[PDB]
J.: 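Have a look at the structure that comes next, please.
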There are 2 protein chains.
Amino acid sequence: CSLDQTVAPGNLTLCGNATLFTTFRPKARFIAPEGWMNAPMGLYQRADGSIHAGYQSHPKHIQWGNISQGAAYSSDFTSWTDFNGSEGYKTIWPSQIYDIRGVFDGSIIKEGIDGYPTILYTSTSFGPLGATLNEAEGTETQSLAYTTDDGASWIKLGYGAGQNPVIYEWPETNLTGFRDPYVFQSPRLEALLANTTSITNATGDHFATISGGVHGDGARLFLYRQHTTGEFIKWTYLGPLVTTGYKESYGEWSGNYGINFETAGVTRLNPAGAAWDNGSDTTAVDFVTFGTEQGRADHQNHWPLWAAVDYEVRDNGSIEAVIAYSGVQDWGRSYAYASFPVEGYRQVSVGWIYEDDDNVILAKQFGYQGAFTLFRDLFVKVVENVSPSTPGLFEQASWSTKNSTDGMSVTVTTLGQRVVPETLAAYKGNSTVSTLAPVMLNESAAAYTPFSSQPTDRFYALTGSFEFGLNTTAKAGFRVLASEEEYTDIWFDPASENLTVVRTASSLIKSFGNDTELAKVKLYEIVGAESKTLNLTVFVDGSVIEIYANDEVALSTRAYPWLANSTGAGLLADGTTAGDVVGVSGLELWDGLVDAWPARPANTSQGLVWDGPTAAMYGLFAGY
Amino acid sequence: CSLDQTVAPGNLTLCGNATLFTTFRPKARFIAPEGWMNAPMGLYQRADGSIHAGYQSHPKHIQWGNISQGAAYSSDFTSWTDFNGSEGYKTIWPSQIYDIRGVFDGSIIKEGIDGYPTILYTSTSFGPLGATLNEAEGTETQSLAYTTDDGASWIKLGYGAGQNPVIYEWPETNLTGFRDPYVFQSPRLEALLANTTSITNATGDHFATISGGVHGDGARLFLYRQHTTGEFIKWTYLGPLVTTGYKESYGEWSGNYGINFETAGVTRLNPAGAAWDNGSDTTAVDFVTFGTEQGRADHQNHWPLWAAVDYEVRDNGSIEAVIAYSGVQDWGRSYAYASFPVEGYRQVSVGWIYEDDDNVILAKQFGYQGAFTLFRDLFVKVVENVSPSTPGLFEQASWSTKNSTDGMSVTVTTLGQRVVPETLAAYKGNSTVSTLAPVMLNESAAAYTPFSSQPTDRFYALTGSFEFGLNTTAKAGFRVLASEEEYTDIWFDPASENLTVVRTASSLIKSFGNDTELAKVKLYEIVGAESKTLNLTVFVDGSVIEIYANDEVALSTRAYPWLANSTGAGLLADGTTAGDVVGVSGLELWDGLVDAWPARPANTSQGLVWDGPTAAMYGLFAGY
Ligand SMILES: *[C@@H]1O[C@H](CO)[C@@H](O[C@@H]2O[C@H](CO)[C@@H](O[C@@H]3O[C@H](CO[C@H]4O[C@H](CO[C@H]5O[C@H](CO)[C@@H](O)[C@H](O)[C@@H]5O[C@H]5O[C@H](CO)[C@@H](O)[C@H](O)[C@@H]5O)[C@@H](O)[C@H](O[C@H]5O[C@H](CO)[C@@H](O)[C@H](O)[C@@H]5O)[C@@H]4O)[C@@H](O)[C@H](O[C@H]4O[C@H](CO)[C@@H](O)[C@H](O)[C@@H]4O[C@H]4O[C@H](CO)[C@@H](O)[C@H](O)[C@@H]4O[C@H]4O[C@H](CO)[C@@H](O)[C@H](O)[C@@H]4O)[C@@H]3O)[C@H](O)[C@H]2NC(C)=O)[C@H](O)[C@H]1NC(C)=O
Ligand SMILES: *[C@@H]1O[C@H](CO)[C@@H](O[C@@H]2O[C@H](CO)[C@@H](O[C@@H]3O[C@H](CO[C@H]4O[C@H](CO[C@H]5O[C@H](CO)[C@@H](O)[C@H](O)[C@@H]5O[C@H]5O[C@H](CO)[C@@H](O)[C@H](O)[C@@H]5O)[C@@H](O)[C@H](O[C@H]5O[C@H](CO)[C@@H](O)[C@H](O)[C@@H]5O)[C@@H]4O)[C@@H](O)[C@H](O[C@H]4O[C@H](CO)[C@@H](O)[C@H](O)[C@@H]4O[C@H]4O[C@H](CO)[C@@H](O)[C@H](O)[C@@H]4O[C@H]4O[C@H](CO)[C@@H](O)[C@H](O)[C@@H]4O)[C@@H]3O)[C@H](O)[C@H]2NC(C)=O)[C@H](O)[C@H]1NC(C)=O
Ligand SMILES: *[C@@H]1O[C@H](CO)[C@@H](O[C@@H]2O[C@H](CO)[C@@H](O[C@@H]3O[C@H](CO[C@H]4O[C@H](CO)[C@@H](O)[C@H](O[C@H]5O[C@H](CO)[C@@H](O)[C@H](O)[C@@H]5O)[C@@H]4O)[C@@H](O)[C@H](O[C@H]4O[C@H](CO)[C@@H](O)[C@H](O)[C@@H]4O[C@H]4O[C@H](CO)[C@@H](O)[C@H](O)[C@@H]4O)[C@@H]3O)[C@H](O)[C@H]2NC(C)=O)[C@H](O)[C@H]1NC(C)=O
Ligand SMILES: *[C@@H]1O[C@H](CO)[C@@H](O[C@@H]2O[C@H](CO)[C@@H](O[C@@H]3O[C@H](CO[C@H]4O[C@H](CO)[C@@H](O)[C@H](O[C@H]5O[C@H](CO)[C@@H](O)[C@H](O)[C@@H]5O)[C@@H]4O)[C@@H](O)[C@H](O[C@H]4O[C@H](CO)[C@@H](O)[C@H](O)[C@@H]4O[C@H]4O[C@H](CO)[C@@H](O)[C@H](O)[C@@H]4O)[C@@H]3O)[C@H](O)[C@H]2NC(C)=O)[C@H](O)[C@H]1NC(C)=O
Ligand SMILES: *[C@@H]1O[C@H](CO)[C@@H](O[C@@H]2O[C@H](CO)[C@@H](O)[C@H](O)[C@H]2NC(C)=O)[C@H](O)[C@H]1NC(C)=O
Ligand SMILES: *[C@@H]1O[C@H](CO)[C@@H](O)[C@H](O)[C@H]1NC(C)=O
Ligand SMILES: *[C@@H]1O[C@H](CO)[C@@H](O)[C@H](O)[C@H]1NC(C)=O
Ligand SMILES: *[C@@H]1O[C@H](CO)[C@@H](O)[C@H](O)[C@H]1NC(C)=O
Ligand SMILES: *[C@@H]1O[C@H](CO)[C@@H](O)[C@H](O)[C@H]1NC(C)=O
Ligand SMILES: *[C@@H]1O[C@H](CO)[C@@H](O)[C@H](O)[C@H]1NC(C)=O
Ligand SMILES: *[C@@H]1O[C@H](CO)[C@@H](O)[C@H](O)[C@H]1NC(C)=O
Ligand SMILES: *[C@@H]1O[C@H](CO)[C@@H](O)[C@H](O)[C@H]1NC(C)=O
Ligand SMILES: *[C@@H]1O[C@H](CO)[C@@H](O)[C@H](O)[C@H]1NC(C)=O
Ligand SMILES: *[C@@H]1O[C@H](CO)[C@@H](O)[C@H](O)[C@H]1NC(C)=O
Ligand SMILES: *[C@@H]1O[C@H](CO)[C@@H](O)[C@H](O)[C@H]1NC(C)=O
Ligand SMILES: *[C@@H]1O[C@H](CO)[C@@H](O)[C@H](O)[C@H]1NC(C)=O
Ligand SMILES: *[C@@H]1O[C@H](CO)[C@@H](O)[C@H](O)[C@H]1NC(C)=O
Ligand SMILES: *[C@@H]1O[C@H](CO)[C@@H](O)[C@H](O)[C@H]1NC(C)=O
Ligand SMILES: OC[C@H]1O[C@](O)(CO)[C@@H](O)[C@@H]1O
Ligand SMILES: OC[C@H]1O[C@](O)(CO)[C@@H](O)[C@@H]1O
């Protein structure tokens, strides 16, 4: 195994375990110390203002199994410190008959058992488990644990009647899934249900959704309400909150609802961030975020979606969330988005970016799999003075429109997402910042124009505002992780409304994915404007490429160039002419970002292990 | 619920949990503090000379489940002290994917991992488990744990390749069972295999048997040998040690071999006790003790058996234990006998006495189920100068015969069992001892004759020597736990060779078992004698009646009389006449015995719990 990155890669499958640990590894984001990670979980702001982040974790392995909560904390979403206890960085693990098959996703009751932060999580036991299998009741249940030391450790309630698991009865038969309890307070839902509490007897101040579906009949989000305030054992099933059809799609801008939901959450937002009103704020909108499975031919059959909803109260004292419009939270290789409340009326969302090595060819050589996305503030994005001639505006696909009184302008509303400002400030302050001169891409533009200042490594950010003619057929964007022989091209094509990431040349290593990523982006044209603008921001972090457009569209992907000099960046131009000009301004490069794990050495591998021949006998985990 | 024991019992099923805790409870023997217990396990003599005894335990329940090792220690087999740790009196419990379904029986390697006492135990996981079910490989495996604090706690080896479980591959297909590893040293087997170690490469000083069988083709005891001395991960399968046929019986004196073995062990004995020679001691005999299942219509389909064996070395470097003669370790409501070595060339055996409430009618009201037998020294019983006219002598059923040179006398050899002398000494010393006058049972004998001194409670022992004519048709024995209305009759009938316990009047409470117990007893007639003698000893301990005859035959049973005065005892006589006289001598009553758990209060119930609706969903444990 040669690690010479000045020549073509050899047969890297001959390399030992974790020999490629640092080669492609993100440095500026949340990632486990080593091994397998997937979904964020147990997210909460602690009493001291710091953020506790959990994650689905399988240390010393590179496939899923014995799934546990790994955890860490941060005062700024950006620089993190691992917990370190008797199980290393794990804080909850399989240990009881009810959760021995895995401690799945869970969420936080901030004032729970004996006043302590309390997690409600999916406790899994034996049996077929999956949306395409014949799962039975008991295999997935919901259980409680609480922490007396701010997340350093958790104490589970005892196993038994009136204790764990606390939710085990399936609310409907033939479920495709029954997991990922999302606990939340909602003045909105309390106000809506206040006249029906005699029907259900559920009067608690916490609600919980559980994600699943029904075999042959689409996904379901099930709503529960805490039966009594200050008591956490009894949760009353109200009814289905979200019901979608088997592989139903709301359209091209909205992914596909698949057969089963995962990691669903409920929030309420206004233009500033989180909204805690009862319905009285006319600018606030109710949202559900959710993953779907088996409604996609690629991306591990997974869509991370969101929908704006209008709540209706049913006669039996339950809530129907009627979908008003429906979108995509991230168009790339990410899934399992979780959101949580943060001080200052914020709702912050973070997901999991998987690798692009689906045949598991170099996973052992990495010695790890997975990272988080960046942490994102959610809010209601409002665009005023939108021109009615904006193409496709009244499809109202992943947005709503409200006409002005005179019908000559429109107010557009949709889900906004932006990187938390703490991370942007820390990144900028720790980076070498180059402000670049604006450029007109015209007849003289090369296909690729390197920036006047170049990155020094695979840890950087770039931004630019691309101004297009209203009838342009030109394409423009950014090339990143670029040498002569390897590069990744991020294009926007206003005529098709497609943002693409072309990865045919991303790496000389052929075992990594090289399919083109695609997001839809609606450029809302402004009344009186003779152009339309795309604000495009890209974070490059080891192998992660994380793209944001107009504080609305997000696309996370992976590129694994071998060569040490495949770090360059610049502007892309196609079909720009003297008449069809793309103006690029507000150009800036941040080289370096932040070391997100300052206490960790460069190599935190502890080696990899095999579970042995019993892994195949039990049939639960791959075993490596 | 009335607890008035001076009048007839009411409907005792209306009584609360553990309200009958003290009513029928043994006081003078090993028993858990509360709840369910079954098989002894993890038996060893510690470095300080004390005895560590483990047991299959389910606290706060009255049926089997979450099965764990409860433990205690004693300096004299008789007075015990519970361990007390983070899990109360438990010291090993289900905690890993490989043992989450139960920590089954295991045995001790005295100098094991890092020189510490080490247990090899059956670690169970999910799936059908049972001799009549379709069990699969992995459901029962064998795992190691070691203790650094003399049994107060145990540390399991890690889960994985080259660690736990250490034995998982089935040695043959379609096993009925694969459990109860019995680890032992054997100079005998080492000497027999010494010329074959090139064939197998197994040269360790520990052997282990695993108990099971093959579907449709009878029971099997599988022999393993430690691959290398001082190393405890690798155990090499040699071959089947004992092979018996599907529901095969060696005859009337030998029970039935059933379909599957449980709790099998291997030992070597001589007339004094344990034998540690290599084969050179011509007085020593190799024995296997084992439980069988599904070869009996009653007694929970369970026979606790033993066999004398002659070892043959196979060409593949394995051992066939050929059965020479075959007997019964206890004829009553006991099972799961374990034996272990004790200083002074002793092998000590102890089993589990189950209740006689198979429909679980009063188990909750008890608040516990089960006890141990007394601890028994094993040895080779030798009877010299036996008359060849002893009826049925040359059937050689559960004994062997060796003729004298002149053919006029016989030496009989069989398995001897007697209560450990420490217990007999402690019982006698703490009791009020009444030595009773000898009696001739003749034409004037009443059916029942109370002893001149009577017990004061349900904790006593009695012994007597019954001398019969060689052609007697008289019956005699002992009545115990007796008032006018309730009593239990222990009869010997030399003409049929049957020792019986008639329990039709044992209790006014009709839900307890009342079937007649039966053991075969061979009175070996001595050359020149004009009579034959039965030495009969009975221990009465709460509800336990434990009977020993001629240091050979054992019969454990249960009687639950309601009335407070159903404690009396005396002699039974049937068909005694002027011509057919039974002489009774050596009569002695010990009233009181010993408080075996001096630190425990009278009521050690902690209440009972229900596992809740998930117990039925998981399908592993009853849940109560
Ligand atoms: C199969 O069998 C299994 C084994 O038996 C079984 O699992 C066990 O289940 C039981 C029962 O559910 C569990 O017992 C509970 O334990 C809770 C604490 O759990 C944490 O701590 C224990 C013990 O920790 C000590 O020991 C360990 C090991 O040595 C050390 O590491 C620790 O440092 C600590 O050591 C100190 O103490 C020792 C003595 O105990 C000393 O020896 C030592 O020197 C130290 O000083 C840990 O073992 C636990 O770890 C395990 O679990 C975690 C997850 O939780 C895993 O991550 C980990 O790997 C382990 O598996 C864990 O860390 C107790 O809190 C709990 O007791 C409460 O609940 C019951 C009711 O259900 C009450 O009876 C009891 O009174 C307690 O309730 C009171 O207190 C709580 C909290 O304060 C209140 O909320 C509650 O209202 C109540 O308050 C009352 O009192 C107040 C005043 O005090 C009053 O104001 C109130 O009004 C009120 O009256 C219970 O004991 C046990 O942990 C399980 N063990 C394991 C190993 O899993 C399994 O379920 C079985 N399976 C089946 C299918 O049946
Ligand atoms: C799913 O995930 C699960 C969770 O991750 C996973 O289970 C875990 O598996 C791991 C890996 O197998 C287990 O880790 C092992 O733990 C052994 C010790 O186990 C005992 O102690 C721990 C820790 O105890 C501390 O913390 C608890 C909890 O707070 C306290 O109660 C204790 O008092 C104690 O507290 C002190 O220390 C803390 C810090 O650690 C402090 O915070 C605290 O303040 C105190 O000071 C317990 O948690 C264990 O309890 C659990 O298990 C028992 C059964 O064992 C249950 O009954 C119980 O309920 C719990 O479930 C337990 O009591 C370690 O010995 C072991 O490390 C050895 O092995 C590995 C190799 O496999 C080596 O890397 C390592 O070096 C060690 O080997 C050396 O040492 C041994 C023994 O000394 C030697 O034999 C060996 O040769 C070697 O020697 C070397 O060094 C010598 C010099 O030192 C040298 O001379 C030699 O030459 C040689 O080089 C390992 O860490 C972990 O316990 C499991 N945890 C649980 C909760 O189950 C599960 O498997 C996963 N499932 C799947 C399917 O994957
Ligand atoms: C004395 O000890 C016991 C422990 O043994 C303590 O706990 C009780 O344990 C018994 C079992 O011994 C439980 O009985 C079972 O109850 C089931 C129905 O439960 C619901 O109703 C009761 C009655 O009002 C409620 O109290 C329960 O509430 C508790 O549980 C819920 C969770 O569901 C918690 O949220 C609460 O907080 C409580 O903890 C429940 O709401 C019932 O299904 C079950 O029925 C079987 O058994 C009976 C009798 O044999 C049959 O009539 C019936 O047909 C079922 O029989 C089954 O038999 C076989 C084998 O099981 C199966 O193959 C068959 O198909 C069939 O299903 C049973 O009655 C009791 O619920 C439980 N009580 C608790 C936890 O409070 C006592 O508390 C303790 N007493 C004291 C004072 O300490
Ligand atoms: C680098 O990290 C790894 C952890 O990932 C460490 O451990 C190794 O892990 C790999 C898996 O990643 C193990 O590979 C598997 O080995 C099986 C055969 O094992 C036996 O042979 C090897 C080779 O000589 C021995 O080393 C083993 O000894 C160890 O295990 C025994 C217990 O059996 C212990 O007692 C010892 O002490 C050792 O610990 C064994 O004797 C093999 O069956 C398995 O095969 C699958 O995978 C390969 C490749 O994909 C296929 O060719 C094959 O067809 C099988 O594919 C399966 O694929 C799917 C999904 O699994 C199934 O559905 C199919 O039906 C099919 O079965 C695999 O090759 C390796 O054994 C293990 N090594 C150990 C523990 O030593 C490394 O140690 C670590 N390296 C370092 C230097 O630290
Ligand atoms: C019944 O018990 C008696 C008394 O223990 C046994 O007779 C004794 O046997 C020993 C050992 O051979 C002798 O040393 C004693 O002299 C005998 N004592 C007597 C006759 O009082 C007798 O062997 C036992 N019988 C059976 C059939 O087990
Ligand atoms: C980058 O590295 C490759 C391989 O060493 C080399 O061919 C190329 O000229 C280097 N320089 C660039 C792309 O500027
Ligand atoms: C990282 O550390 C692991 C564990 O010690 C080691 O096996 C591996 O070779 C190291 N990799 C690198 C790139 O240093
Ligand atoms: C309430 O009504 C809805 C709509 O029919 C139904 O799906 C839900 O199950 C009901 N809730 C109950 C029965 O608790
Ligand atoms: C909204 O405005 C557009 C453009 O003027 C018009 O076509 C449409 O009918 C208006 N909708 C409503 C509800 O008035
Ligand atoms: C660099 O990043 C750290 C960690 O996030 C942050 O606290 C610090 O303020 C940053 N440095 C600046 C802004 O100069
Ligand atoms: C075309 O673009 C280049 C580079 O921005 C610029 O120098 C030139 O002035 C542009 N042409 C016109 C006509 O503006
Ligand atoms: C024993 O008790 C019962 C019921 O109280 C009584 O009838 C009998 O006379 C008592 N005395 C005996 C059997 O000596
Ligand atoms: C024994 O103690 C248990 C637990 O406190 C109690 O429920 C039961 O009534 C007691 N039984 C007796 C006979 O004292
Ligand atoms: C050794 O031979 C016996 C008799 O055929 C057989 O049952 C056993 O499995 C053999 N041992 C092996 C193959 O290890
Ligand atoms: C043993 O002795 C009996 C009685 O004398 C006789 O019938 C039998 O044949 C003898 N057995 C042998 C092997 O000599
Ligand atoms: C009573 O029993 C205890 C406990 O077994 C024992 O140590 C003691 O010696 C006995 N008392 C005597 C023989 O007087
Ligand atoms: C018959 O038995 C009684 C009681 O033991 C005794 O008094 C009497 O002497 C016996 N008869 C003969 C003839 O020995
Ligand atoms: C003695 O026991 C046997 C069972 O081994 C039985 O067949 C026989 O009928 C019994 N006879 C008497 C008289 O009890
Ligand atoms: O690791 C298991 C967890 O990951 C998910 O499948 C999302 O991909 C969740 O539904 C589950 O809780
Ligand atoms: O409790 C389970 C244990 O009990 C037995 O079944 C004996 O009755 C053993 O074979 C097993 O190890």
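Just so you know, ligand 1 is whichever comes first in the structure, and atom 1 is the first atom listed for that ligand. These numbers come from the heavy atoms of this one structure, side chains and all, not from hydrogens, waters or symmetry mates. Lettering of chains follows the sequences in order, A, B, ..., and the numbering in each one begins at 1.
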J.: Whether the side chain of A:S280 engages the backbone of A:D277 through a donor-acceptor N/O pair (distance < 3.5 Å, no angle test) should be reported.
T.: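 The answer is no, because no donor-acceptor pair under 3.5 Å joins these two groups.
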J.: Using a strict 4.0 Å cut-off to heavy atoms of A:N403, name the atoms of ligand 9 that fall inside it.
T.: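 Selected atoms, number and element: 1 (C), 2 (O), 3 (C), 8 (C), 10 (C), 11 (N), 12 (C), 14 (O).
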J.: Looking at A:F21, I'd like to know if its CZ atom is crowded, meaning that more than 12 non-hydrogen atoms belonging to other residues, nucleotides or ligands lie closer than 6.0 Å.
T.: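 Yes - once you tally the heavy atoms of other residues, nucleotides and ligands closer than 6.0 Å, there are more than 12.
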J.: Say whether A:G16 and ligand 7 are in contact under the criterion: heavy-atom distance to a ligand atom below 4.0 Å.
T.: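 Heavy atoms of A:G16 never come under 4.0 Å of ligand 7.
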J.: Report yes or no: does a heavy atom of A:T22 sit under 4.0 Å from some atom of ligand 7?
T.: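 No; A:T22 lies far enough from ligand 7 that no heavy-atom distance drops under 4.0 Å.
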J.: So, regarding A:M408 and ligand 9 (criterion: nitrogen or oxygen to nitrogen or oxygen, under 3.5 Å), is there a contact or not?
T.: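 No, no N or O pair falls under 3.5 Å.
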J.: Determine, for A:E355 against A:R558, whether the closest basic-nitrogen to carboxylate-oxygen distance falls under 4.0 angstrom.
T.: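 Looking at A:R558 together with A:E355, the answer is yes, because their closest N to O distance falls below 4.0 Å.
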J.: Quick test of your reading: applying side chain to side chain donor-acceptor pair (under 3.5 Å), list the pairs with at least one residue in residues 594-607 of chain A, sequence neighbours left out, ordered by first then second residue.
T.: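 Residue pairs passing side chain to side chain donor-acceptor pair (under 3.5 Å), neighbours aside: A:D82-A:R600.
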J.: Give the protein residues with at least one non-hydrogen atom closer than 4.0 Å to an atom of ligand 11, ordered by chain and number.
T.: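 Shell around ligand 11 (4.0 Å, heavy atoms): A:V439, A:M440, A:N442, A:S444.
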J.: With A:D541, which residues qualify under side-chain hydrogen bond (donor to acceptor under 3.5 Å, both in side chains), at least two apart?
T.: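 Result, side-chain hydrogen bond (donor to acceptor under 3.5 Å, both in side chains) vs A:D541: A:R29.
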J.: Using a plain distance cutoff, I'd like to know if A:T19 has any nitrogen or oxygen under 3.5 Å from a nitrogen or oxygen of ligand 7.
T.: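 For ligand 7, there is no N or O atom that lies under 3.5 Å from one belonging to A:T19.
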J.: If you count the atoms of ligand 7 from 1 in the order shown, which ones are under 4.0 Å from a heavy atom of A:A18?
T.: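 Listed by number with element: 8 (C), 10 (C), 11 (N), 12 (C), 13 (C).
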J.: Got a donor-acceptor contact below 3.5 angstrom from the A:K381 side chain to the A:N550 backbone?
T.: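 Answer holds: yes.
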J.: Is A:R479 positioned over the aromatic face of A:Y487, cation under 6.0 angstrom from the ring centre and no more than 45 degrees off axis?
T.: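 That pair qualifies as a cation-pi contact.
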J.: Less than 4.0 Å between a side-chain N and a carboxylate O, is that true for A:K475 and A:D574?
T.: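 A salt bridge is present here (some side-chain N lies under 4.0 Å from a carboxylate O).
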J.: Suppose the criterion is side chain to side chain donor-acceptor pair (under 3.5 Å): which pairs have a residue in residues 448-458 of chain A, not counting sequence neighbours?
T.: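 Found A:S434-A:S453, A:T456-A:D591.
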